[PDB]
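# Summary of the model geometry
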Amino acid sequence: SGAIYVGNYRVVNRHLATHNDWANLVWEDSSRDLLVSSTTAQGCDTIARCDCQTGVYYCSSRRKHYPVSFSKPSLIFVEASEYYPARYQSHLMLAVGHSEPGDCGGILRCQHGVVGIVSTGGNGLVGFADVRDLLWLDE
Ligand SMILES: NC(=O)[C@H]1CCCN(C(=O)Cc2cccnc2Cl)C1
Ligand SMILES: [Zn+2]
């Protein structure tokens, strides 16, 4: 679990979005595993606007943060799960690191701010849904 709170927006993994997220829907993209909903309270997480390929992510299944080197956002094949059929997930960045399903939503950050959230994993790899291209999150 986990979300990014920026301005009047909440960014979560689309497969973990709640009834309240869908009732206050701003934007969603199944191909990216992202959903953004509106909030009444002001959020002040800050989004990175950069091309960093190193950062630190939070891994809830270890209660620890790990440093990672990660690939540029790209279209990556993701195996079928109970949430989606087998498909290409876009804007996904992979790194070598630990993750379990419950780790989705953990933030990846660089020195500039939030980069993305854990979205996929397996076999010692972890994948992060990038949010740096969503300029409207802080217009
Ligand atoms: N973005 C998706 O399609 C994910 C939906 C939930 C399921 N997905 C996973 O990858 C779950 C997983 C398995 C083993 C280690 N880490 C993780 Cl995060 C895929
Ligand atoms: Zn950066």
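Residues numbered from 1 in each chain as written, not as in the entry; some residues may be left out. Chains lettered and ligands numbered in written order. Heavy atoms only, no water.

- As deposited, the entry is annotated with X-ray crystallography as its determination method and 1.478 Å as its resolution.

## Details of the pairing of strand β2 (residues 25–29)
- With 4 bridges connecting them, β2 and strand β3 (residues 34–44) associate as antiparallel partners. Following the sheet pairing, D29 is matched in β3 by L34.
- Hairpin remark: β2 followed by β3, antiparallel, with 4 residues in the connecting loop; positive phi at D33, about 60°. (Pairing = 2+ DSSP bridges. Helix = DSSP H or I, 4+ residues; strand = E, 2+ residues; numbered from the N terminus.)

## Let's talk about a nonpolar patch on the surface
- Taken together, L75, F77 and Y88 make up a surface patch of nonpolar side chains, about 380 Å² in accessible area.
- Inspection of the secondary structure assignment puts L75 in strand β6 (residues 74–78).
- The class for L75 is exposed, based on a relative accessible area of 59%. (Patch = residues over 30% accessible without salt bridge, like charges linked within 9 Å, V, L, I, M, F, W, Y side chains within 5 Å. Areas by Shrake-Rupley, 256 points an atom, 1.4 Å probe, with all protein chains shown as cover. Salt bridge = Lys/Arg side-chain N within 4 Å of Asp/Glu carboxyl O. Buried < 20%, exposed > 50% of the residue type's maximum accessible area, 1.4 Å probe, protein only.)

## Concerning the site of ligand 1
- Around ligand 1, a shell composed of 16 residues is seen, among which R87, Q89, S99, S119 and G121 lie nearest.
- Contact distances for ligand 1 include 3.1 Å between an oxygen atom and a side-chain N or O atom of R87.
- In this structure, an oxygen atom belonging to ligand 1 sits 3.1 Å away from a main-chain N or O atom of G121.
- For ligand 1, whose unbound accessible area comes to 460 Å², protein coverage reaches 86%.
- If you list the elements that add at least two residues to the shell around ligand 1, you get β7 (87–96) and β9 (113–122).
- With 4 residues, the top contributor of residues to the shell around ligand 1 is β9.
- Of the residues in the shell around ligand 1, the class split is 5 nonpolar, 8 polar and 3 charged. (Near = heavy atom within 4 Å. Polar contact = N/O pair within 3.5 Å; in protein donor to acceptor, adjacent residues only side chain to side chain. Nonpolar A, V, L, I, M, F, W, Y, C, P; charged D, E, K, R; others polar.)

## Here we look at the domain arrangement of the protein
- On domain assignment, one finds that the protein holds domain 1 (3–44) and domain 2 (45–139).
- Just the C-alpha atoms count here: the centres of domain 1 and domain 2 sit 16 Å apart.
- Roughly 1900 Å² is buried in total at the junction of domain 1 and domain 2, and carbon and sulfur atoms are behind 60% of that figure.
- It is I4, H15 and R32 that lose the most area in domain 1 upon contact with domain 2, and together they represent 34% of the buried surface on that side.
- Connecting domain 1 to domain 2 are 1 salt bridge.
- Measuring nitrogen to oxygen at the nearest pair gives 2.8 Å for the salt bridge that ties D133 to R32.
- At the boundary of domain 1 and domain 2, one finds 10 residue pairs in polar contact.
- The leading source of residues in the side of domain 1 that touches domain 2 is strand β1 (residues 4–13), at 7 residues.
- Its residues assigned to classes, the side of domain 1 that touches domain 2 shows 13 nonpolar, 5 polar and 3 charged. (Domains from an automatic or database assignment. Buried area = accessible area lost by both parts, 1.4 Å probe.)

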